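Given as structure tokens, the chain that follows is alone and in the form deposited in one PDB entry.
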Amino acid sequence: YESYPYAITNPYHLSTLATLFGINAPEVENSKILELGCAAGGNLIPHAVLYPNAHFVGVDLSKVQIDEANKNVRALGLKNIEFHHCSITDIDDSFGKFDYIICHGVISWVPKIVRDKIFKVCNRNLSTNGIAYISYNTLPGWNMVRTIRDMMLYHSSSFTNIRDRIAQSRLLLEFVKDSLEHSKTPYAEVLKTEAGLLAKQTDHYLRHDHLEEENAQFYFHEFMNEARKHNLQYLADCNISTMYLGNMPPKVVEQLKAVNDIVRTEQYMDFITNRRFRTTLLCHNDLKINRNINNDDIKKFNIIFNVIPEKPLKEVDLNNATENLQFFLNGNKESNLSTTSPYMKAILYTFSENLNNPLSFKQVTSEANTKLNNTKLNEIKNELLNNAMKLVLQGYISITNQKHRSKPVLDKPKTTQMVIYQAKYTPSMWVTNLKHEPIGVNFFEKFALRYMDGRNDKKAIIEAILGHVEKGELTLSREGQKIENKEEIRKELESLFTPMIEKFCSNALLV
């Protein structure tokens, strides 16, 4: 029903990982992009809105979802995208070649013939420099999920009508919750959390025909074994940290470097980390991929490090070399990093004000230097060079081929075309930002987003929202209690406005 964008599937992200390993991926705004299992186009349509000079095709077996996708394209007036109701076996050489082929969460749930087809179009229908994305469930990690599925199916095999079998199975998962309320074994914990995740899902994935669906249960070496038959080569995983070695003893590392097989090492990692799923990038066997990543390769990319300092910049002296300042990652408490280095502090405060807006190497270093009285530039370049790629290969810093964006003008805030469309015309409570990520919005934010065309300032936006609370159509609660006072509503709207503009600026919702 709900068709989400997946930021990990963004073609610019695949292009970035291709550049990291030495492949020049086709330009994104010129490209031709295919999606297998498009499912109403929420993962495709936003790109089509962003890239008028690029072409998009998507394919799904559900007539309902394809009609929904066509309805969204028509409502949006997109001329560059088309959707097909067919199976993957219908794909032809008449479809042509694509620079990026996205296949997300499908290949595990389809028969061997359709998996053969998927591997065959990711080769036949892929450009020389193109990238193919395929995500799939993996062993050993999928064993627990399969166990729970067999467990719900066995418990519900008494009842024949699909309506009650779902719960049923909710009663099952809650009995797994109850009976383990006191248990010390690690297995009780694993099963408890897994049954919690399953308990939180809604009714679509809990149908007994979806539980009776058979998973391919790939090991990574078997997946790559089938990919190599079609002459597809392993590029990388879209979460780079999964490939990271060096949280491990330096001897074990030296042996993993001894063997040169990327797939064999990856498979060992899967065995000992209990890998349940993978997002794998494939490219033609003919490309020479370079796995030697220097600290200096960080200059090839624009850099995003999302950190919220605990102490505002105006309250600290960065030139203090004995003071430990901490910064929170995507959050937080549970993830934070501290430094006494004036240079690392300057760089981190530079990243903190640029949140989710790509910054080049020269921009980070220079902007950081202006905080240090512009005398430290070489020190700052050195600090970034020493820590940057290590923080990238661990997943803490994001590299991208995406360009730096001009700072949004905030007197009349302007959001993008896709989120104006979703906030005006869509029931969903999330919107799709410039990074191809879903970000949730409340009713006040969703109503506010309708009115940011670039011509409306703070007072006109708030006047429109006031229009909506008049019909109601909105309601405002400053406490568990709600405020209907005329003059109080206008105050609560003003108090809500500023942090909302901050939130939009940091989440890449503003142009």
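All residue numbers refer to positions in the sequence shown, first residue = 1.
Just so you know, the form deposited with a small molecule bound exists too; it's not on screen, but the next bit is about it.
Visitor: Given the stretches 35-43, 450-458, 471-479, 22-30, which is the single one in contact with the small molecule in the bound PDB entry, using a heavy atom cutoff of 4.5 Å?
Guide: Flagged stretch: 35-43.
Visitor: Of these, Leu348, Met152, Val106, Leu359, which has a heavy atom no more than 4.5 Å from the small molecule in the bound PDB entry?
Guide: Flagged contact: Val106.
Visitor: Of the options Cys122, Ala388, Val110, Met344, which one has a non-hydrogen atom that comes within 4.5 Å of the small molecule in the bound PDB entry?
Guide: Only one listed residue qualifies here, and that residue is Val110.
Visitor: Look up in the bound PDB entry whether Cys86 has a non-hydrogen atom within 4.5 angstroms of the small molecule, and give yes or no.
Guide: Judged by the heavy-atom cut-off of 4.5 Å, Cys86 is in contact with the small molecule in the bound PDB entry.
Visitor: Counting only non-hydrogen atoms and a 4.5 angstroms cut-off, does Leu61 reach the small molecule in the bound PDB entry?
Guide: Heavy-atom contact with the small molecule at 4.5 Å: present for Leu61.
Visitor: Taking heavy atoms only, is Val114 within 4.5 angstroms of the small molecule in the bound PDB entry?
Guide: Contact check for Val114: yes, within 4.5 Å of the small molecule in the bound PDB entry.
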